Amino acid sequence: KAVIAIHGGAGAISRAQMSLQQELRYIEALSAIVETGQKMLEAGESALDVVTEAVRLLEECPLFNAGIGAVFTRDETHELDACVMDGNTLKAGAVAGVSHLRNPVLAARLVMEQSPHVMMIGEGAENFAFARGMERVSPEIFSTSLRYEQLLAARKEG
């Protein structure tokens, strides 16, 4: 009775404010990622590997506010956070406030497996991941003109 569920964010998704073409891109991205998870589960992949891979794909997808496509802070920066938890061991790994790691969920998993810690933040989390061969990236890689126009709209609001 193996099964997967995914989400890409809850909020004020208004029908009168969306285009059909946008809705179709979301449906396609969600269906492509959930099918990858189903196929891994069917092949006997661990629940930990499955959630790790699905979140990695949701990070990579610029439509969703995680990894590439992250929202901007007040200062036009990106600060990313992630967690993974293994229900079999109750082990967990998390990062918060990271700017120079392409895939937070993979860093979170590295904290779980290769540290005696559960949570790492900021430059300390980054240095820990870089020492174990994760690539250092520019936070400009996350930036999208859609989320930038959302930052301007939020500033006009107040």
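Note that residue numbering begins at 1 and tracks the sequence as displayed. Here the rigid core means the biggest group of C-alpha atoms that line up within 1.5 Å when the two forms are laid on top of each other.
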(request) Could you tell me which of the two stretches, 134 to 142 or 18 to 26, has its Cα atoms lying farther from the shown structure in 8 other deposited structures of this protein after fitting on the rigid core? (result) 18 to 26
(message) Highest mean C-alpha temperature factor of the two stretches 11 to 19 and 145 to 153, which is it?
(response) 11 to 19
(request) Decide which of the stretches 47 to 55 and 34 to 42 has the higher mean C-alpha B-factor, going by the entry. (result) 34 to 42
(message) Can you tell me which of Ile27, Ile68, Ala125, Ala92 has the maximum CA B-factor listed in the PDB entry?
(response) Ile27
(message) Could you place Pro62 in the lowest, middle or highest third of its chain by Cα temperature factor, using the values in the record?
(response) middle
